[PDB]
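Peer 1: Quick one, fold the following:
(one chain, ligands or ions: 3)
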Amino acid sequence: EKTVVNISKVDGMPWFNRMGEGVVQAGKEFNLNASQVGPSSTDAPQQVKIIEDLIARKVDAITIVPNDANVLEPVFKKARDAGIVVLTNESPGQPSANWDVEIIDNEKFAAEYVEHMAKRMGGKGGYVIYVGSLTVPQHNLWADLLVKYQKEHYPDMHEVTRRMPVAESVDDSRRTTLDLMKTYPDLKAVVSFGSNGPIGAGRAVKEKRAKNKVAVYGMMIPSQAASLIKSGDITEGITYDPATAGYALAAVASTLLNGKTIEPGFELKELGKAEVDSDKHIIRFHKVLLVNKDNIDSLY
Ligand SMILES: [Cl-]
Ligand SMILES: [Cl-]
Ligand SMILES: [Cl-]
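Peer 2: Residues are numbered from 1 along each chain as shown. Ligands and ions are numbered 1, 2, ... in the order given. Shown next is the structure:
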């Protein structure tokens, strides 16, 4: 069978474990020898090393959620030059990827964050954004759009500080949330695009008994966030199922390895039709998931 290997941002995360379930499922469905490698840390050279080993192994396709788009470019070009398909998730515009695959529409996702935040604080107040790092591509693109949307809808909202690179750490997210709540009495919402961020922020909000005024929104695995969703310390997840991303990556790899070419009109039985931007080589699905007390038990 054709060999497909997915590479997460880092091992030891419920988010990426869920992704791997989708990879393994696609391997069954598409007759692939599929696997997922979790790096030992989020430092991008660890992903480069894994990719060098996969090129040496001469695998058929490498799929990856990059920690840094630019750090990986040379090794992605080395893979392509070797005849290996390179696919990303969370890296729209990655120059050497055959395609980037996304599970939500960026514009819509940002809007949903701001509208949900604005409703609860009456369109006025402070907020902050947590990102996984200052260079991770997709978190920063989402943050940029969220702020831009905010400024052209709710001028009485504002970032209390520039974005904080804490979203992959419960500790760092908790500490930052405690600090910012003490500093900014008008802080009313914390947004995290990393999945550990709402856990840390939610724990801080719980400790200070602050859930009435300080809302917490973000990306999350529902089961990991369940205790805090149920106690109201996490207000809402605005996210997607990363198993769908893992699956879609491997499904697109299958298409390409079978000699087919991706163009507008592309569809996956299990997902539906994607939008396909041939100029930027981005395949988008529209599968945003809202995680609230009302559906927390219906999820993974
Ligand atoms: Cl992993
Ligand atoms: Cl903690
Ligand atoms: Cl918790």
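Peer 1: quick one: which helix or strand includes residue 77?
Peer 2: Assessed by DSSP states H and E, residue 77 sits inside helix 69-81.
Peer 1: near ligand 1, anything from the helix or strand just after that helix?
Peer 2: Using DSSP H and E, the helix or strand that follows helix 69-81 in sequence is strand 85-89. No: figure legend: strand 85-89 not in contact with ligand 1 (Cβ under 5 Å from the ion); closest approach 12.8 Å. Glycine gets a C-beta too; all of them are placed from N, C-alpha and C.
Peer 1: which residues sit against strand 85-89?
Peer 2: Applying Cβ atoms under 8 Å, 6 or more residues apart in numbering, the external contacts of strand 85-89 come out as 60-66, 69, 76, 79-80, 94, 96-103, 245, 248-249, 252-253, 256-257.
Peer 1: can you do 7 Å?
Peer 2: 60-66, 76, 79-80, 94, 96-101, 245, 249, 252-253, 256-257 (Cβ atoms under 7 Å, 6 or more residues apart in numbering).
Peer 1: Please go through those residues and note which also touch ligand 1.
Peer 2: Within these, nothing lies near ligand 1 by Cβ under 5 Å from the ion.
Peer 1: From those, which land in strands?
Peer 2: Among the contacts of strand 85-89, DSSP state E puts 61, 62, 63, 64, 99, 100, 101 in strands.
Peer 1: Which secondary structure state does whichever residue of the stretch 201-300 of the chain sits closest to ligand 2 sit in?
Peer 2: Closest approach between the stretch 201-300 of the chain and ligand 2, counting by Cβ to the ion: residue 203, at 4.8 Å. Classification of residue 203 by DSSP: H, G, I helix; E, B strand; the rest coil places it in helix.
Peer 1: Pretty sure it sits against residue 174.
Peer 2: Yes: if you go by Cβ atoms under 7 Å, residue 203 and residue 174 touch, sitting 5.2 Å apart.
Peer 1: Which residues are in contact with the residue in the stretch 1-150 of the chain that ligand 1 sits nearest to?
Peer 2: Ranked by Cβ to the ion, the top residue of the stretch 1-150 of the chain for proximity to ligand 1 is residue 38, at 2.7 Å. For residue 38, the contact set (Cβ under 7 Å, 6+ apart) comprises 8, 10, 11, 12, 16.
Peer 1: now residue 214
Peer 2: Taking Cβ under 7 Å, 6+ apart, one finds 181, 187, 188, 190, 205 in contact with residue 214.
Peer 1: Only the buried residues of the host helix or strand of the first one, if you could.
Peer 2: Counting by DSSP H and E, the element that carries residue 181 is helix 170-183. Neighbour-count burial for helix 170-183, counted by 16 or more other Cβ atoms under 10 Å, picks out 170, 172, 173, 174, 176, 177, 178, 180, 181.
Peer 1: Identify the residue spatially nearest to the fourth one, adjacent ones excluded.
Peer 2: By that I understand residue 174. For residue 174, ignoring the flanking residues on the chain, the nearest one in space by Cβ to Cβ, 6 or more residues apart in numbering is residue 200 at 3.8 Å.
Peer 1: just checking, that neighbour touches residue 180?
Peer 2: No: counting by Cβ under 7 Å, residue 200 stays clear of residue 180, with 11.9 Å between them.
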